[PDB]
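Below, in structure tokens: the form deposited without thymidine-3',5'-diphosphate (THP), a single chain.
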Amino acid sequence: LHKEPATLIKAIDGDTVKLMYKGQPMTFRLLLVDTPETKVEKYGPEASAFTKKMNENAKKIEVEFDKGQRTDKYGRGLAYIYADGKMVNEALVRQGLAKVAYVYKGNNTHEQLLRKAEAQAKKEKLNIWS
């Protein structure tokens, strides 16, 4: 897979962010993560603040499409997002602010990696796992 440059335009919530990709604005849905709903579920606003802060403080944001379908039915890009080289999808799961989601249309490259971050968060009874 390859990382492509992007520019943060605006946070939306825990699992979604608006990015300038290839010169055009696009909404991205983070692959393989299921955060709590805000629009509220417990930790829903925590997840949103986390994603918002991580992308905001980042010097460089990168988009990494997986090997499966690249956009969902609502026109959102399906990818792994990196903030200064750190994967937000993974950071979220590791912080116990999101559960790993069902694989979607062959986009499973990082499933095990997130799977492990999640086991650890649960082991630490962190946030959602409290």
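When you see a residue number, it is the position in the sequence shown, counting from 1.
The same protein also exists as the form deposited with thymidine-3',5'-diphosphate (THP) bound; that form is not shown, yet it is the one meant from here on.
- Could you spot which one of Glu56, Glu41, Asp84, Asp72 gets a heavy atom to within 4.5 Å of thymidine-3',5'-diphosphate (THP) in the bound PDB entry? Of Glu56, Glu41, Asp84, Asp72, the residue with a heavy atom within 4.5 Å of thymidine-3',5'-diphosphate (THP) in the bound PDB entry is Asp72.
- Query: Heavy atom within 4.5 Å of thymidine-3',5'-diphosphate (THP) in the bound PDB entry: which of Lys52, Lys99, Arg29, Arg94?
  - Reply: Only one option qualifies, and that one is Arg29.
- Query: Taking heavy atoms and a 4.5 Å cut-off, does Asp34 contact thymidine-3',5'-diphosphate (THP) in the bound PDB entry?
  - Reply: Taking the distances in the bound PDB entry, the answer for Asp34 is yes, it comes within 4.5 Å of thymidine-3',5'-diphosphate (THP).
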